[PDB]
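Q: This is the structure I want to talk about, given as structure tokens.
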Amino acid sequence: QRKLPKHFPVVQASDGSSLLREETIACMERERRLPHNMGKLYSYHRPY
Amino acid sequence: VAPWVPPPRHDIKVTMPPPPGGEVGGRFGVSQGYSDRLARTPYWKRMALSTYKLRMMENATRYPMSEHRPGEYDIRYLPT
Amino acid sequence: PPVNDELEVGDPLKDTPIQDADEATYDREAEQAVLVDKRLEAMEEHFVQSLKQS
Amino acid sequence: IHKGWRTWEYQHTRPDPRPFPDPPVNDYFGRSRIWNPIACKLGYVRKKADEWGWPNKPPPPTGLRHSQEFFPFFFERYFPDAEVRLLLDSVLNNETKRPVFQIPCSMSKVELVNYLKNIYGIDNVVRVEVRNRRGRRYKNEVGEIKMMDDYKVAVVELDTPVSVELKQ
Amino acid sequence: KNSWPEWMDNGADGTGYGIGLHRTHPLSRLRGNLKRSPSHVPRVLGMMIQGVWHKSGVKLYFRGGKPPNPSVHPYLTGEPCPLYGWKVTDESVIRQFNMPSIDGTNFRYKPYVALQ
Amino acid sequence: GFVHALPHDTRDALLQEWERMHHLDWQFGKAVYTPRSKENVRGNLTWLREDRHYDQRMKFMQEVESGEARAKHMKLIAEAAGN
Amino acid sequence: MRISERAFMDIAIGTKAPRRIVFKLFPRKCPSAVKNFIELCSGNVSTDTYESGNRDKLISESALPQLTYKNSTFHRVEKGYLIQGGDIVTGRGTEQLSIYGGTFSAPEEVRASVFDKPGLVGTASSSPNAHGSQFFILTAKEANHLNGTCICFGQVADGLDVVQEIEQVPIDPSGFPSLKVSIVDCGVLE
Amino acid sequence: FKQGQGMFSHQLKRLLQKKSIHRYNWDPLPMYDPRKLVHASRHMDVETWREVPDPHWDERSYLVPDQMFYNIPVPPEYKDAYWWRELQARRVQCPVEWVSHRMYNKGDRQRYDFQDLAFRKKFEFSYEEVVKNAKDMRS
Amino acid sequence: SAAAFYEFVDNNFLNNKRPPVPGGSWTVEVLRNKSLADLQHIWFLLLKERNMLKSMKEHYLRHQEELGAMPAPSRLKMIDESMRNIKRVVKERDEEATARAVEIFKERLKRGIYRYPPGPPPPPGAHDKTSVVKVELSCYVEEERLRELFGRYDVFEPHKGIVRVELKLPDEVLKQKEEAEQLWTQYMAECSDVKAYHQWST
Amino acid sequence: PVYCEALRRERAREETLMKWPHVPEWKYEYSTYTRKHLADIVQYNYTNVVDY
Ligand SMILES: [Mg+2]
């Protein structure tokens with residue numbers, strides 16, 4: 001039986017320690033702002 | 001927020017729950033006394049700490065009269 | 001089957017070799033003593049300040 | 001109540017208030033965006049998860065919490081976090097006495113000079129000029145409005161003109 | 001009254017030198033006028049949207065189009081005095097970045113770890 | 001220890017001047033405390049009950065010095081052993 | 001400096017004549033504390049300023065606490081247990097100073113302290129690691145409860161009777177000795 | 001001004017909707033300060049002029065709760081002025097409207113404590129307990 | 001100097017050569033082996049490198065049209081989690097310290113060696129002046145009975161010289177009681193089952 | 001009394017720091033308010049990275 005809803009993200013170490021969860025979340029978030037991979041945008045509204 | 005929630009009022013006795021608060025003294029309006037010590041303590045640890053002399057002295061039922069508040073009727077027995 | 005991948009990627013100047021990275025420097029008791037003592041100092045200090053204002 | 005409404009025909013559920021509340025989150029990603037001063041539960045609780053384990057671990061003595069050694073202060077003193085980055089177009093093939101840095105907004109003019117002295121070893125800095133520029137906002141191809149982090153533009157005036165050369 | 005000193009409500013001098021929002025490192029004895037309480041919530045917004053109109057004809061704090069974050073200001077490090085424009089009452093709040101160097105095997109360390 | 005139990009109020013000193021300038025100082029549950037040394041002994045109901053108490057403590061120590069206290073306790077122990 | 005084993009104090013009770021008590025110090029097991037105590041007994045105040053120096057300082061620099069047990073008191077004296085004094089900044093019993101800073105610390109000296117015999121001198125401190133000028137002379141037979149707490153830096157070689165003399169002073173309701181117990185003069189016997 | 005087409009007034013309609021931190025600050029007692037009643041009714045030892053540490057003091061003592069101290073011992077005769085912050089400590093620490101759902105359904109009337117407004121779960125068995133408690137009675 | 005400015009920029013980008021992707025990052029256990037000084041040093045290496053990379057990323061973002069995208073972007077990810085791991089390790093060590101410290105401090109407190117006015121505390125029995133007496137009993141006695149029986153006869157007070165009376169069961173006999181009552185419940189169950197199974201045949 | 005009050009001060013602080021603020025462990029509105037549809041998920045986090 002699940003201890004979190006199926007649609008929740010997995011934010012945790014591989015050990016299961018929640019020690020860093022806020023760093024992990026912060027990282028994921030700054031990453032959703034500006035993904036490092038991101039190729040050329042085809043949008044007319046462009047960061048520069 | 002409340003560090004150290006105060007214990008139930010009259011809870012001096014081992015195997016039977018305290019009288020309802022507000023009858024001993026306090027805020028009126030519930031008909032049953034409750035204490036988490038007497039509940040959490042396993043039944044066997046209640047019986048282990050007692051005897052069939054003491055048990056029958058605190059099993060005692062004063063029906064309409066109330067002990068702690070003399071001359072009036074006991075509140076639990078009253079409808080409200 | 002295994003997940004074998006590009007092993008063709010490497011950056012020697014900027015990469016630490018394994019014999020370098022796996023050297024144990026952690027002696028824990030000494031630095032543990034230092035840490036613990038310098039926690040102790042602050043805890044005591046605030047406690048005696050509490051004693052003061054009491 | 002000159003006349004009582006018929007309330008007996010309704011089951012008990014609270015209707016939504018017609019001047020309905022808008023959601024508290026801030027949707028405006030523009031220039032004029034306001035930081036919300038109001039503090040919810042979640043802030044403090046996430047603090048409490050971040051600093052010590054609040055759900056599980058027992059809280060440390062107050063004397064520790066209020067001291068320099070307490071972990072978020074300890075880790076900040078001995079493991080600092082700043083992205084101090086340089087606009088290359090200032091230092092590219094032109095000689096320029098005034099390179100231009102992007103800086104986290106929580107740094108002072110003094111802290112930048114300390115940064116450049118002790119880390120990068122840049123020992124001659126006449127002074128620093130500081131702008132606060134709101135982070136770069138862009139829409140992607142689905143039209144998702146995104147905003148890169150806010151930054152501080154520091155024009156850093158040196159003694160010796162500095163260039164970084166590009167081999168063509 | 002006000003916990004924060006009175007020079008950040010009306011200025012240290014006639015031209016309103018020291019008024020605005022001031023954030024404090026919360027290890028420091030001195031205190032700022034940034035308070036997130038409900039009763040203080042109007043006036044902090046009152047600074048962020050209006051700013052203040054000083055009688056000297058100059059609008060203090062936010063006069064522009066970009067409202068300042070009171071939350072990410074660098075910490076309040078002192079108090080203004082008329083002689084030397086800013087007295088640093090607390091030096092321990094300025095971050096001194098210090099990095100240990102050329103110790104042991106540290107020179108051989110490199111930012112990434114190689115493969116097998 | 002008792003002086004520490006009476007309520008202290010934080011207000012002006014001159015309004016305190018004002019209220020016993022009038023008769024207002026004793027009214028609304030306020031009263032003023034002047035430490036005395038000796039009291040009025042007649043019609044003092046605290047006094048009488050506690051000096052009665054002193055009387056029975058005196059006759060109690062008369063009973064103790066005589067030794068019946070010993071005998072009473074010993075016969076209590078005796079009847080406890082007998083039961 | 002080992003041969004600095006002795007420092008002495010002249011103790012006066014109120015209007016009584018000063019009587020000498022002579023300490024014996026243990027510099028080897030605890031160098032820091034003893035080094036503190038000795039120099040507090042010596043006390044070079046020998047810097048005499050000038051007219052232009054008065055105009056230059058304009059603070060009167062002798063207005064700081066001058067680091068000498070002279071004109072210092074025994075603020076806390078209790079019967080059968082011990083006698084404590086030596087605060088420099090004020091004679092009222094709080095507020096330590098040391099020669100090094102406000103308060104020093106010597107962790108490896110504190111662990112090694114044992115209080116067993118009477119007439120034993122140790123630093124009066126609030127915590128195991130804040131140590132000032134304040135000292136206490138232990139009059140009781142055995143105090144074994146101060147071990148990881150205090151630091152024992154010396155004993156009373158001469159003038160035990162002085163201790164027992166100033167221990168019998170009555171205590172007024174203020175909590176201090178009713179007769180003012182003052183340290184008239186100090187010196188190191190080198 | 002909240003009425004405009006501007007974005008400042010657009011934020012203020014939204015940002016002002018989130019709920020502030022709530023703690024129950026239960027009222028100060030400036031004129032009866034429980035922490036100074038430790039020194040009440042104590043005999044003096046006249047050598048040292050300190051208080052006599054009476055061992056009978058600590059069983060007659062009435063523990064007065066508060067927020068920034070854990071509990072404060074007070075002599076019993078003086079307990080009667082503190083009757084309200086005994087009722088604020090035993091109270092649930094919120095507005096009762098937030099926790100009101102404990103009241104309305106039936107199962108939560110029987111399982112929760114309502115004495116002087118403390119909504120707190122009574123002791124209640126797990127299912128395996130219930131099964132093995134009903135099984136060894138052979139019912 | 002200007003040499004300090006070159007570390008912000010990419011060396012092989014400067015020479016226009018393709019940047020290579022590094023092998024990997026610092027894992028947790030590799031960092032667990034390292035001491036604190038090493039940790040903060042490689043922290044500063046990661047810091048300088050990270051700053052360099054950020055500058056590059058922003059430069060490519062800056063001219064998107066001419067420059068294209070940033071070559072070998074996967075470095076950022078690496079370096080970030082590298083830092084994360086360092087944090088992890090440090091956190092662990094700190095909390096260990098903290099725990100230790102706590103249990104030392106508290107055992108100081110229960111010794112009671114702190115006093116605000118600088119000095120030693122009074123000795124532990126100087127103030128107590130009380131004596132506790134241990135009584136054994138075969139049966140149970142109500143404590144008021146004990147209080148009247150063991151109360152001082154010469155003391156005139158409602159307590160009669162007795163501070164308090166506390167009754168206990170030793171944990172041996174307590175364990176005995178719970179074991180015995182478990183056996184009793186199983187007994188009732190078994191006699192019930194014996195009666196219930198053999199009722200029909202009989 | 002001084003020492004005891006200091007001690008009670010300390011543990012009062014740590015318990016009020018333990019027990020406040022009180023946020024429930026779980027309520028159905030977490031799963032209720034965190035459910036978004038597929039269009040909103042795609043329109044929340046999409047990048048060029050997937051298609052490239
Ligand atoms: Mg339910």
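Letters A, B, ... go to the chains of the structure tokens in the order shown; residues in each chain start at 1; ligands are counted from 1 in the same order.
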Determine which residues of chain E sit within 7 Å of chain D, taking into account only C-alpha atoms, and present them as a list in words.
A: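 That gives residues 27, 36, 41, 65, 66, 67, 69, 72, 73, 74, 94, 95, 96, 97, 98 and 99 of chain E for chain E.
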Q: Would you put the residues from that selection into a file with N, CA, C and O atoms, as a compact mmCIF listing (two decimals), in the first residue's frame?
A:
# COMPACT_ATOMS: atom_id res chain seq x y z
N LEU E 27 21.60 36.53 13.65
CA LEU E 27 22.54 36.30 14.72
C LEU E 27 22.99 37.63 15.31
O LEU E 27 23.84 37.65 16.19
N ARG E 36 7.16 40.72 9.35
CA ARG E 36 6.16 40.08 8.50
C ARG E 36 4.80 39.90 9.17
O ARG E 36 3.90 39.26 8.62
N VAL E 41 2.14 44.46 8.00
CA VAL E 41 1.98 44.16 6.58
C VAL E 41 1.49 45.35 5.76
O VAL E 41 1.85 45.46 4.59
N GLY E 65 9.92 52.03 -11.35
CA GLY E 65 9.04 50.97 -11.78
C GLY E 65 9.32 49.58 -11.23
O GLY E 65 8.44 48.72 -11.27
N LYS E 66 10.51 49.34 -10.68
CA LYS E 66 10.82 48.01 -10.14
C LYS E 66 10.77 47.99 -8.62
O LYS E 66 11.70 48.46 -7.95
N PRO E 67 9.71 47.41 -8.05
CA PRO E 67 9.61 47.39 -6.59
C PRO E 67 10.67 46.48 -5.97
O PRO E 67 10.86 45.36 -6.44
N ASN E 69 12.63 43.98 -3.39
CA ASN E 69 12.38 42.96 -2.39
C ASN E 69 12.97 43.35 -1.06
O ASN E 69 14.18 43.58 -0.95
N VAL E 72 15.34 40.00 0.04
CA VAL E 72 16.71 39.74 -0.42
C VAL E 72 17.74 40.88 -0.33
O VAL E 72 18.84 40.75 -0.87
N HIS E 73 17.39 42.01 0.28
CA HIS E 73 18.41 43.01 0.66
C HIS E 73 19.56 42.35 1.39
O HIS E 73 19.35 41.40 2.14
N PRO E 74 20.79 42.83 1.18
CA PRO E 74 21.88 42.37 2.05
C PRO E 74 21.68 42.89 3.47
O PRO E 74 21.03 43.91 3.65
N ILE E 94 29.32 40.87 7.73
CA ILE E 94 29.88 40.87 6.39
C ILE E 94 30.54 39.52 6.15
O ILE E 94 31.38 39.09 6.94
N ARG E 95 30.17 38.84 5.07
CA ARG E 95 30.73 37.52 4.86
C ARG E 95 32.18 37.65 4.40
O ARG E 95 32.46 38.23 3.35
N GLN E 96 33.09 37.09 5.18
CA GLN E 96 34.47 37.02 4.76
C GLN E 96 34.66 35.67 4.12
O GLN E 96 34.66 34.64 4.80
N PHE E 97 34.83 35.65 2.81
CA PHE E 97 35.01 34.38 2.15
C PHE E 97 36.46 33.98 2.35
O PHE E 97 37.35 34.73 2.00
N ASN E 98 36.71 32.82 2.96
CA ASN E 98 38.10 32.38 3.15
C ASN E 98 38.29 30.95 2.69
O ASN E 98 37.58 30.05 3.12
N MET E 99 39.22 30.74 1.79
CA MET E 99 39.44 29.39 1.29
C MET E 99 40.82 28.83 1.60
O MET E 99 41.83 29.43 1.24
Q: Residues of chain F in alpha helix (DSSP H) according to DSSP, as an MDAnalysis selection string?
A: chainID F and resid 13:21 45:66 68:82
Q: Can you spit out the residues from that selection as a compact mmCIF listing (two decimals), in the first residue's frame, using N, CA and C atoms?
A:
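Result written to part-v1.txt:
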# COMPACT_ATOMS: atom_id res chain seq x y z
N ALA F 13 1.93 57.57 38.80
CA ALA F 13 2.00 57.80 40.25
C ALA F 13 1.05 58.92 40.67
N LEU F 14 0.82 59.87 39.76
CA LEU F 14 -0.01 61.03 40.05
C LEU F 14 -1.51 60.69 40.01
N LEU F 15 -1.88 59.65 39.26
CA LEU F 15 -3.27 59.21 39.27
C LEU F 15 -3.51 58.43 40.56
N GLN F 16 -2.44 57.81 41.05
CA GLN F 16 -2.48 57.14 42.34
C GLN F 16 -2.61 58.18 43.43
N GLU F 17 -1.98 59.33 43.22
CA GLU F 17 -2.16 60.49 44.09
C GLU F 17 -3.62 60.95 44.05
N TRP F 18 -4.16 60.94 42.83
CA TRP F 18 -5.50 61.45 42.55
C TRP F 18 -6.60 60.61 43.18
N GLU F 19 -6.41 59.29 43.21
CA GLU F 19 -7.48 58.40 43.65
C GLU F 19 -7.62 58.30 45.17
N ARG F 20 -6.53 58.49 45.91
CA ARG F 20 -6.65 58.61 47.36
C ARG F 20 -6.69 60.08 47.77
N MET F 21 -6.60 60.98 46.80
CA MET F 21 -7.03 62.36 47.02
C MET F 21 -8.54 62.30 47.21
N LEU F 45 -11.48 37.59 63.09
CA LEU F 45 -11.88 36.20 62.99
C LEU F 45 -10.73 35.30 62.54
N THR F 46 -9.72 35.90 61.94
CA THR F 46 -8.51 35.18 61.55
C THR F 46 -7.70 34.90 62.81
N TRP F 47 -7.48 35.98 63.55
CA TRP F 47 -6.80 35.98 64.83
C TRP F 47 -7.30 34.90 65.78
N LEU F 48 -8.61 34.85 65.98
CA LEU F 48 -9.20 33.92 66.92
C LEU F 48 -9.03 32.46 66.49
N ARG F 49 -9.24 32.18 65.22
CA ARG F 49 -9.13 30.80 64.80
C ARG F 49 -7.68 30.35 64.93
N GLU F 50 -6.73 31.22 64.60
CA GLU F 50 -5.37 30.75 64.65
C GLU F 50 -4.81 30.71 66.10
N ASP F 51 -5.35 31.51 67.02
CA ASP F 51 -4.89 31.38 68.41
C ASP F 51 -5.58 30.21 69.13
N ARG F 52 -6.76 29.82 68.65
CA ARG F 52 -7.36 28.56 69.07
C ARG F 52 -6.46 27.42 68.63
N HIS F 53 -6.03 27.50 67.38
CA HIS F 53 -5.08 26.52 66.85
C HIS F 53 -3.83 26.45 67.73
N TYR F 54 -3.32 27.61 68.13
CA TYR F 54 -2.15 27.61 69.01
C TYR F 54 -2.46 26.94 70.34
N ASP F 55 -3.68 27.13 70.83
CA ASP F 55 -4.06 26.48 72.09
C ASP F 55 -4.04 24.96 72.00
N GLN F 56 -4.58 24.41 70.91
CA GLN F 56 -4.56 22.96 70.80
C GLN F 56 -3.17 22.42 70.45
N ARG F 57 -2.30 23.24 69.87
CA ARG F 57 -0.93 22.78 69.67
C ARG F 57 -0.19 22.77 71.01
N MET F 58 -0.53 23.71 71.89
CA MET F 58 0.05 23.75 73.23
C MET F 58 -0.39 22.56 74.07
N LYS F 59 -1.69 22.27 74.07
CA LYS F 59 -2.16 21.11 74.81
C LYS F 59 -1.68 19.82 74.14
N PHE F 60 -1.42 19.87 72.83
CA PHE F 60 -0.85 18.72 72.14
C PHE F 60 0.55 18.42 72.65
N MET F 61 1.37 19.46 72.77
CA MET F 61 2.72 19.28 73.29
C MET F 61 2.71 18.94 74.78
N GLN F 62 1.65 19.33 75.48
CA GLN F 62 1.48 18.88 76.86
C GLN F 62 1.28 17.37 76.85
N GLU F 63 0.42 16.90 75.94
CA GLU F 63 0.21 15.46 75.75
C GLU F 63 1.46 14.69 75.32
N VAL F 64 2.31 15.33 74.52
CA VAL F 64 3.55 14.71 74.05
C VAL F 64 4.58 14.61 75.17
N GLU F 65 4.76 15.70 75.90
CA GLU F 65 5.72 15.73 76.99
C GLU F 65 5.27 14.81 78.12
N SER F 66 3.95 14.68 78.31
CA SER F 66 3.43 13.74 79.29
C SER F 66 3.67 12.31 78.84
N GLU F 68 1.37 10.49 76.56
CA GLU F 68 0.20 9.77 76.05
C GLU F 68 0.20 9.66 74.54
N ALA F 69 0.96 10.52 73.88
CA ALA F 69 1.07 10.46 72.43
C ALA F 69 1.70 9.13 72.06
N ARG F 70 2.77 8.80 72.78
CA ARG F 70 3.46 7.53 72.62
C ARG F 70 2.49 6.37 72.79
N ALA F 71 1.69 6.42 73.85
CA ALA F 71 0.77 5.34 74.19
C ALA F 71 -0.34 5.18 73.14
N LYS F 72 -0.83 6.31 72.64
CA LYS F 72 -1.88 6.31 71.63
C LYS F 72 -1.36 5.69 70.34
N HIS F 73 -0.17 6.11 69.93
CA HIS F 73 0.40 5.58 68.71
C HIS F 73 0.71 4.09 68.86
N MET F 74 1.21 3.71 70.03
CA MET F 74 1.57 2.32 70.30
C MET F 74 0.35 1.41 70.33
N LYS F 75 -0.78 1.93 70.81
CA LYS F 75 -2.01 1.15 70.84
C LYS F 75 -2.67 1.15 69.46
N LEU F 76 -2.36 2.15 68.64
CA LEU F 76 -2.76 2.13 67.23
C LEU F 76 -2.04 1.01 66.50
N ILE F 77 -0.74 0.91 66.75
CA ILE F 77 0.07 -0.16 66.17
C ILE F 77 -0.37 -1.52 66.70
N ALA F 78 -0.77 -1.54 67.97
CA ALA F 78 -1.23 -2.76 68.60
C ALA F 78 -2.54 -3.26 68.00
N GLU F 79 -3.47 -2.34 67.76
CA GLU F 79 -4.77 -2.72 67.20
C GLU F 79 -4.66 -2.97 65.70
N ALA F 80 -3.62 -2.43 65.07
CA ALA F 80 -3.34 -2.75 63.68
C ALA F 80 -2.78 -4.17 63.57
N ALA F 81 -1.94 -4.54 64.53
CA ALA F 81 -1.37 -5.89 64.58
C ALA F 81 -2.42 -6.93 64.95
N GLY F 82 -3.35 -6.54 65.82
CA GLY F 82 -4.41 -7.42 66.27
C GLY F 82 -5.46 -7.73 65.21
Q: Identify all chain I residues at most 12 Å from chain A by counting only C-alpha atoms; ligands do not count. Present them as a ChimeraX atom specification.
A: /I:28,53-54,56-81,83-92,95
Q: Emit the selected residues as a short mmCIF file (atom, residue, chain, number, x, y, z; two decimals), in the first residue's frame, including N, CA and C atoms.
A:
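Produced file part-v6.cif, reproduced below:
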data_model
loop_
_atom_site.label_atom_id
_atom_site.label_comp_id
_atom_site.auth_asym_id
_atom_site.auth_seq_id
_atom_site.Cartn_x
_atom_site.Cartn_y
_atom_site.Cartn_z
N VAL I 28 28.76 9.98 -2.79
CA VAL I 28 28.67 10.23 -1.36
C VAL I 28 29.77 9.54 -0.56
N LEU I 53 31.08 27.83 -15.40
CA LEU I 53 30.02 27.23 -16.19
C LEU I 53 28.79 28.12 -16.32
N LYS I 54 28.39 28.75 -15.22
CA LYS I 54 27.25 29.66 -15.23
C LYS I 54 27.49 30.81 -16.20
N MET I 56 29.41 30.78 -18.77
CA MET I 56 29.33 30.25 -20.12
C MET I 56 27.89 30.07 -20.59
N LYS I 57 27.09 29.41 -19.76
CA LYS I 57 25.68 29.20 -20.04
C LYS I 57 25.00 30.51 -20.37
N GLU I 58 25.23 31.53 -19.54
CA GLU I 58 24.61 32.81 -19.81
C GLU I 58 25.15 33.46 -21.07
N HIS I 59 26.40 33.19 -21.42
CA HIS I 59 26.93 33.78 -22.64
C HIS I 59 26.26 33.17 -23.86
N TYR I 60 26.11 31.85 -23.87
CA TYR I 60 25.46 31.20 -25.00
C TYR I 60 24.00 31.59 -25.09
N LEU I 61 23.37 31.73 -23.94
CA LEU I 61 22.00 32.19 -23.88
C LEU I 61 21.92 33.60 -24.44
N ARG I 62 22.98 34.36 -24.20
CA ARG I 62 23.02 35.77 -24.54
C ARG I 62 23.00 36.02 -26.05
N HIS I 63 23.82 35.31 -26.81
CA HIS I 63 23.67 35.32 -28.26
C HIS I 63 23.22 33.92 -28.63
N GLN I 64 21.93 33.78 -28.87
CA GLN I 64 21.38 32.47 -29.17
C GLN I 64 21.49 32.20 -30.65
N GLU I 65 21.31 33.27 -31.41
CA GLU I 65 21.21 33.21 -32.86
C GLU I 65 22.52 32.82 -33.51
N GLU I 66 23.57 33.50 -33.10
CA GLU I 66 24.89 33.21 -33.62
C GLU I 66 25.49 31.97 -32.96
N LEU I 67 25.44 31.88 -31.64
CA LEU I 67 26.20 30.85 -30.95
C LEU I 67 25.57 29.46 -30.97
N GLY I 68 24.25 29.38 -31.08
CA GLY I 68 23.58 28.10 -30.96
C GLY I 68 23.34 27.77 -29.50
N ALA I 69 23.46 26.49 -29.14
CA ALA I 69 23.35 26.10 -27.73
C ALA I 69 24.72 25.82 -27.09
N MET I 70 24.72 25.57 -25.79
CA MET I 70 25.98 25.40 -25.05
C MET I 70 26.48 23.97 -25.16
N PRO I 71 27.71 23.80 -25.65
CA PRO I 71 28.26 22.45 -25.84
C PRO I 71 28.55 21.78 -24.51
N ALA I 72 28.23 20.49 -24.41
CA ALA I 72 28.45 19.71 -23.19
C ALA I 72 27.83 20.34 -21.93
N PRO I 73 26.50 20.50 -21.94
CA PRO I 73 25.73 21.12 -20.86
C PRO I 73 25.65 20.24 -19.61
N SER I 74 25.94 18.95 -19.79
CA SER I 74 25.73 17.97 -18.73
C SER I 74 26.66 18.18 -17.55
N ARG I 75 27.63 19.08 -17.71
CA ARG I 75 28.57 19.38 -16.64
C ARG I 75 27.84 20.02 -15.47
N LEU I 76 26.98 21.00 -15.76
CA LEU I 76 26.23 21.71 -14.72
C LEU I 76 25.56 20.73 -13.78
N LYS I 77 24.75 19.85 -14.35
CA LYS I 77 24.07 18.83 -13.57
C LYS I 77 25.05 18.15 -12.64
N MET I 78 26.11 17.59 -13.22
CA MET I 78 27.15 16.91 -12.46
C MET I 78 27.58 17.76 -11.29
N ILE I 79 28.12 18.93 -11.61
CA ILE I 79 28.71 19.78 -10.59
C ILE I 79 27.69 20.07 -9.50
N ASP I 80 26.44 20.33 -9.88
CA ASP I 80 25.42 20.63 -8.89
C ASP I 80 25.28 19.50 -7.89
N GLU I 81 25.03 18.29 -8.38
CA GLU I 81 24.83 17.19 -7.44
C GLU I 81 26.13 16.93 -6.67
N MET I 83 28.10 19.21 -5.41
CA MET I 83 27.93 20.09 -4.26
C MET I 83 26.91 19.50 -3.30
N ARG I 84 25.79 19.03 -3.85
CA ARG I 84 24.74 18.48 -3.01
C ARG I 84 25.32 17.41 -2.12
N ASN I 85 26.07 16.49 -2.72
CA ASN I 85 26.64 15.39 -1.98
C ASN I 85 27.53 15.89 -0.86
N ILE I 86 28.37 16.87 -1.15
CA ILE I 86 29.20 17.44 -0.10
C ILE I 86 28.32 17.87 1.06
N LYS I 87 27.27 18.66 0.77
CA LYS I 87 26.33 19.08 1.81
C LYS I 87 25.90 17.88 2.63
N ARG I 88 25.46 16.83 1.93
CA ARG I 88 24.96 15.63 2.58
C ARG I 88 25.94 15.22 3.65
N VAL I 89 27.17 14.98 3.22
CA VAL I 89 28.19 14.46 4.11
C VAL I 89 28.35 15.36 5.31
N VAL I 90 28.55 16.65 5.04
CA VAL I 90 28.74 17.60 6.12
C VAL I 90 27.58 17.53 7.10
N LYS I 91 26.34 17.58 6.58
CA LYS I 91 25.16 17.51 7.45
C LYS I 91 25.31 16.34 8.41
N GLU I 92 25.58 15.16 7.86
CA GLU I 92 25.70 13.95 8.67
C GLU I 92 26.66 14.18 9.81
N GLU I 95 25.34 16.51 12.50
CA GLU I 95 24.29 16.01 13.38
C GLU I 95 24.89 15.02 14.37
#
Q: Please measure the separation of atom CA of residue H:58 and atom CA of residue H:75, giving the value in Å to one decimal.
A: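 Atom-to-atom, atom CA of residue H:58 and atom CA of residue H:75 are spaced 8.7 Å apart.
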Q: As a list in words, please: the residues near residue G:152 (cut-off 9 Å, only C-alpha atoms, same-chain neighbours under 6 positions excluded).
A: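 My reading of the contact set: residues 26, 30, 33, 109, 110, 112, 113, 114, 115, 120, 121, 122 and 123 of chain G.
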Q: Keeping only N, CA and C atoms, write the selected residues to a file as a CSV table (one decimal), in the first residue's frame.
A:
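For reference, selection_8.csv as written:
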chain,number,residue,atom,x,y,z
G,26,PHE,N,50.8,25.5,41.4
G,26,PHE,CA,51.2,24.3,40.6
G,26,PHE,C,51.3,24.6,39.1
G,30,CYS,N,48.9,23.0,35.2
G,30,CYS,CA,48.0,24.0,34.6
G,30,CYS,C,48.7,25.3,34.4
G,33,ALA,N,46.1,29.0,33.9
G,33,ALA,CA,45.5,29.5,35.1
G,33,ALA,C,46.5,30.2,36.1
G,109,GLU,N,43.2,21.1,31.1
G,109,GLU,CA,43.5,21.3,32.5
G,109,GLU,C,42.3,21.1,33.4
G,110,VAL,N,41.1,21.3,32.8
G,110,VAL,CA,39.9,21.2,33.6
G,110,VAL,C,39.5,19.7,33.9
G,112,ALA,N,41.5,17.4,34.4
G,112,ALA,CA,42.5,16.8,35.2
G,112,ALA,C,42.4,17.3,36.7
G,113,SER,N,41.5,18.2,37.0
G,113,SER,CA,41.4,18.7,38.3
G,113,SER,C,40.7,17.8,39.3
G,114,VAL,N,41.3,17.7,40.5
G,114,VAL,CA,40.7,16.9,41.5
G,114,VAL,C,40.8,17.7,42.8
G,115,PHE,N,39.6,17.8,43.5
G,115,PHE,CA,39.5,18.5,44.8
G,115,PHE,C,39.3,17.5,45.9
G,120,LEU,N,42.6,24.3,49.3
G,120,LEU,CA,42.9,24.1,47.9
G,120,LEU,C,42.3,25.2,47.1
G,121,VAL,N,43.1,25.8,46.2
G,121,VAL,CA,42.6,26.9,45.4
G,121,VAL,C,42.3,26.6,44.0
G,122,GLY,N,41.1,27.1,43.6
G,122,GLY,CA,40.6,26.9,42.2
G,122,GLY,C,39.9,28.1,41.7
G,123,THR,N,39.6,28.1,40.4
G,123,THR,CA,39.0,29.2,39.8
G,123,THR,C,37.5,29.1,40.0
Q: Please identify every polymer residue within 8 Å of ligand 1, using only C-alpha atoms and all ligand atoms, and present the set as a PyMOL selection string.
A: chain H and resi 102+105+107-108
Q: Residues within 8 Å of residue B:48, please, as a ChimeraX atom specification. Count only C-alpha atoms; anything in the same chain fewer than 6 positions from it doesn't count.
A: /I:174,177-178
Q: Taking only C-alpha atoms into account, which residues of chain D are within 6 Å of chain A, as number ranges by chain?
A: D: 136-141, 146, 148
